[PDB]
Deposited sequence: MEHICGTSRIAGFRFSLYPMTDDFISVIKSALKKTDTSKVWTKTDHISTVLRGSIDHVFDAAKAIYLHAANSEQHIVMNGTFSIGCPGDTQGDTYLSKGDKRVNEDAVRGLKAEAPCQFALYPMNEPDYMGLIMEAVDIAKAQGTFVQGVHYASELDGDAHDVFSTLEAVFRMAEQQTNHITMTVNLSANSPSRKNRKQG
């Protein structure tokens, strides 16, 4: 049972290649198998390491004061998920002090799950409990607050679904330093 996170970092600035390269340097991806191509980067490890690396990359990039967005898909349990390309929360210490607002829009997709609308509803209540929820929009749920919280919720919701359905995915759209 391998967890993954195919994402992309989008820095809305002329020096985006720099911005990107930096955040991925300041992050201890020693706990996850990584691979990048022209369109995106995929992380494969445990739910812990993956959500660990993910929050670390967002925090760094966000602290660049640059308006940057993290867009990716968390996946686990894919039928026939190759048994390869895989590896404590290493970045936990380094990022503990880092702060950043994480307005987010996510969508949970429990696959071949008859009761999927129920799990999504549960997902919301989880976000309402954690105080991160904000509202529902077409095709997604809205969150906010500090990146440490938002990411807490995302992982909570992921595990909740993860424990009920074999194959689930969850897309996230986090906007760091939005102009507005």
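Several segments of the deposited sequence are absent from the coordinates, namely 1-8, 96-100, 194-200.
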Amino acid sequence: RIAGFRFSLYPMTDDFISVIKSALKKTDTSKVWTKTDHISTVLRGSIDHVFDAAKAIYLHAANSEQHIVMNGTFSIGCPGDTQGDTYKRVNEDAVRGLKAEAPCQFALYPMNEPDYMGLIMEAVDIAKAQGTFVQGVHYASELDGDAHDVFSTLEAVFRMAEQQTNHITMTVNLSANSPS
From here on, numbers count along this sequence of modelled residues.
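Taking only CA atoms, the mean B-factor in the PDB entry is higher for 78-86 than for the other of 103-111 and 78-86. Look at the mean CA B-factor for 112-120 and for 51-59 in the entry; the higher one is 51-59. The PDB entry assigns its highest CA temperature factor, among 41, 141, 152, 30, to 30.
Among all modelled residues in its chain, residue 22 ranks in the highest third by Cα B-factor.
Among the modelled residues of its chain, residue 127 has a C-alpha B-factor that falls in the middle third according to the deposited record. When the modelled residues of the chain are ordered by C-alpha B-factor, residue 180 sits in the highest third.
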